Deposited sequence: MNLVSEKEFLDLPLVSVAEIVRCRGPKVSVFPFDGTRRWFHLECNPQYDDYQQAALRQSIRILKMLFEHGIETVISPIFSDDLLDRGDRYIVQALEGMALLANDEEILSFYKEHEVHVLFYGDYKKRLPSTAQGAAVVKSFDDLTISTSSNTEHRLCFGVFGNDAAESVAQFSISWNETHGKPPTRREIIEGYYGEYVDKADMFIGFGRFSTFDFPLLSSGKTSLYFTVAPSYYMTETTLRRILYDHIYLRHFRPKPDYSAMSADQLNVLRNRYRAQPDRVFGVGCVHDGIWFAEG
């Protein structure tokens, strides 16, 4: 199949293909949101939290409708932490997003070191409580998994303590699967893709990174993401990353090999990720 045919597909057909070929697990932190907010909304009159939440919901809905089973979205990571508290509480208390979870049969989970890192206040305790109640409440949903990262950047010590307790309880060391279940709440084998933004970087999906995880970096802030963009990414992941057969270099004509060869010898300094800063902003070249 070609790209245009994929783009032209009905949503249901696309979704069938994604449930078939993957990605089963997409990591998608919503990035560049401040820039987005300053370009698309009115900063002193519009509320940043609510505008952001609406965009988040639009995109999570788009991802789940395209057949992606699990989305991992880092929310907060290593100015006042109390400010982040409100935005967080929205994820468990906003009526529209609750309506969304129920309608799309989404199971919501939270991962990371938040219980210890969040402030020891009535407020922080309240958010943590919201998280537990939301994960319990949506646990009967079976169609999609949504995993919110809150201080979910480094799981080493968490995994150490979990493994120690596990050994004392069950008499033996936990498996990789059991470790992943202990950290995330449920099991998934790996991340199939990470959709990043701006400066080429990935973060906050511990235990799940692999050389098979397809990496993408949008130029525009995450909230500009359309169906067509998402589908170009999906098309690359499904049809282009594991393209077969592997190149038989020995079956190529001398002109083919020469084209490749002279290209690599002429510009051996072409590096994706090397950018340029203009007007205070980094742009990939």
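Q: Since the structure holds only modelled residues, which stretches of the deposited sequence does it leave out?
A: Those stretches are 1 to 3, 82 to 88, 296, listed in order.
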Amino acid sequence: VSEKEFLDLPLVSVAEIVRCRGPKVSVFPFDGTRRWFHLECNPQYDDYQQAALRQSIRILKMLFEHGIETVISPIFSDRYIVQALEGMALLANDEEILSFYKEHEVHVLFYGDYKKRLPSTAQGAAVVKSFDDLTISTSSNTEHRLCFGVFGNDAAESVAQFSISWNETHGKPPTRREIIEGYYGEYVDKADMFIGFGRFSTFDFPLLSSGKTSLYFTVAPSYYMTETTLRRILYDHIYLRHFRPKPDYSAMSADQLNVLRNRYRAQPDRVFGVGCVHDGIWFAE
From here on, numbers count along this sequence of modelled residues.
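Q: Mean C-alpha B factor from the entry: is it higher for 250 to 258 or for 56 to 64?
A: Comparing averages over the C-alpha atoms only gives 250 to 258.
Q: So, looking at the entry's B-factor column for Cα atoms, which has the higher mean, 30 to 38 or 237 to 245?
A: The deposited B-factors put 237 to 245 ahead on the C-alpha mean.
Q: Checking the record values for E157, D133, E168, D192, which has the greatest CA B factor?
A: Reading the PDB entry, the winner on C-alpha B-factor is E168.
Q: Between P74, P119, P206, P174, which one tops the list for Cα B-factor in this entry?
A: In this record, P119 carries the highest C-alpha B-factor of the candidates.
Q: Is the Cα B-factor recorded for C20 in the lowest, middle or highest third of its chain?
A: Within its chain, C20 is a middle-third residue by C-alpha B-factor, going by the deposited values.
Q: If you rank the chain by CA B-factor, which third does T202 end up in: lowest, middle or highest?
A: Its C-alpha B-factor belongs to the lowest third of this chain's values.
Q: Using only modelled residues of the chain, where does the Cα B factor of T228 rank: lowest third, middle third or highest third?
A: CA B-factor rank for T228: middle third.
Q: Quick check on the deposited entry: does the C-alpha B-factor of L11 sit in the lowest, middle or highest third of its chain?
A: Middle third by C-alpha B-factor.
Q: Which third, lowest, middle or highest, does the C-alpha temperature factor of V274 belong to within its own chain?
A: It falls in the middle third of the chain.
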